[PDB]
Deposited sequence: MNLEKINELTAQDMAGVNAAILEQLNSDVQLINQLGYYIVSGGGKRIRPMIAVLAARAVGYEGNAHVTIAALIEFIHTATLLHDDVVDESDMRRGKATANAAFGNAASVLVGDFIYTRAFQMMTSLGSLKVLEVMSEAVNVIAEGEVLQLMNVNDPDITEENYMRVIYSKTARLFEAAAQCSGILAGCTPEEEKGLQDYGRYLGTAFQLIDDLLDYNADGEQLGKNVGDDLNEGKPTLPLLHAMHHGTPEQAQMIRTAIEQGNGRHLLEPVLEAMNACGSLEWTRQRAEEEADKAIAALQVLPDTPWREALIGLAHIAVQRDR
C-alpha cells in the first residue's frame, strides 16, 4: 500500500482530525490561536494522528473518539516542537520560519503549555484513566530525556544496545502511546493492545533512525545534529568504524557539543564505512519488527496501511 492509497483510506478520519484540531484553537487570547494555527497548518505530515486513526479502525472501532485522540496527539507533538525549537535555538523548520523566530521564545513556550494542557483536557474528556496514565507517562519520559541530554555530557562510548534502549524507553514513546491508546480506546484485546504498542514503538524507532540518517543526507534541515555534536547512530557508527583520525574528529565533536565545520569530513568518513546505509538497514529491521507485531490483529485494509506506513518510513 503506497502513500496515495493510505491517504485515500484515511481521508475522512484525517479531516475530522483537522476539524477537531482547529476547533480547539478557541481562546480569547488571539496570540494562542494564531501561533497555534501558524504551526498546525504548516504542512505537517500528521503521521502520529494517522497511526492513531488507523489503529482504532484496525481493531474494529466504529465510533469517533479516535479522531479526538489523534487530534490531541498532534497537539502534544506540536507542543514538543515549539519547545524543541526554543531549546535547540532553531530559526527555520520545514523550509520556513519557526514559531520562536516569528513570535519569540516566550510565546512559543507559553502557547506550547496551553496547547499541551488543552490536549490533556481533551484526553480527560475521553474518560479512560488508562489512556491518561500511558500517555502522561510517555510525555514525562520524553521531557526527562531532554533534561538529561541538556544537563549532561554526551557519552561517546555508549553501546549500540544502550542507544536503542534510550529510543525504546524514551524517544519513541509518543509513537508507542499513539497506537496503544487508540487501541485501548476501542476496547481492543490485550494481545491486540501489545501488538499496536510494539508497532508504535518500532515504527517510531525506525522513524527516528531514518530522521537521523537524513540529517546527514545534504544537498537538498541538514547538518544540525553534527553542528551541536549530537551523538546519533550514524555519527557513532562512523566513529567506531572509521580511521582513528575520523574517530578522534567525531569524538571531539561529541565532547565539545560542537561539530561545526565538520560536515564534509564526516560525510566522507561515513561514506567509507557505509554508516548511512547501515543506519538505513538498522531502521528496516525496526520496521519489520513493527510489521511482525501487527500479525496478531485481523487482516484489514487499515492493517495494510499500518504495514504500508512502516515500509514507507524506511523508504
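- Residues of the deposited sequence missing from the coordinate set occupy positions 221 to 225, 321 to 323.
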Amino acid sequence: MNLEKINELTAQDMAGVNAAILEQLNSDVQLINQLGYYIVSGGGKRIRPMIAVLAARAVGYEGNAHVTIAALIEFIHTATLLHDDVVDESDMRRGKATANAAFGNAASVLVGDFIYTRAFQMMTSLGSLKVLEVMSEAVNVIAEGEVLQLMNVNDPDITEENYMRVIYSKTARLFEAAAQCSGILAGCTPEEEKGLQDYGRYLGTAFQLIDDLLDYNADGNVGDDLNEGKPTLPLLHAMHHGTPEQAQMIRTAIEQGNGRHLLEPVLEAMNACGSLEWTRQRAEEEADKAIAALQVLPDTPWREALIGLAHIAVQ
From here on, numbers count along this sequence of modelled residues.
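- Here 223 to 231 and 121 to 129 are compared by their mean Cα B-factor, and 223 to 231 comes out higher.
- Comparing 206 to 214 with 139 to 147, the higher mean C-alpha B-factor in the PDB entry belongs to 206 to 214.
- Taking the PDB entry at face value, the top CA B factor among 155, 176, 74, 192 belongs to 155.
- In the PDB entry, a CA B factor belonging to the lowest third of its chain's modelled residues is recorded for residue 306.
- Residue 105 sits in the middle third of its chain by CA B factor, as recorded in the PDB entry.
- Remark: residue 115 belongs to the lowest third of its chain, ranked by C-alpha B-factor as recorded.
- Residue 45: CA B factor lies in the highest third for its chain, per the PDB record.
- Per-chain ranking of the deposited C-alpha B factor places residue 9 in the middle third.
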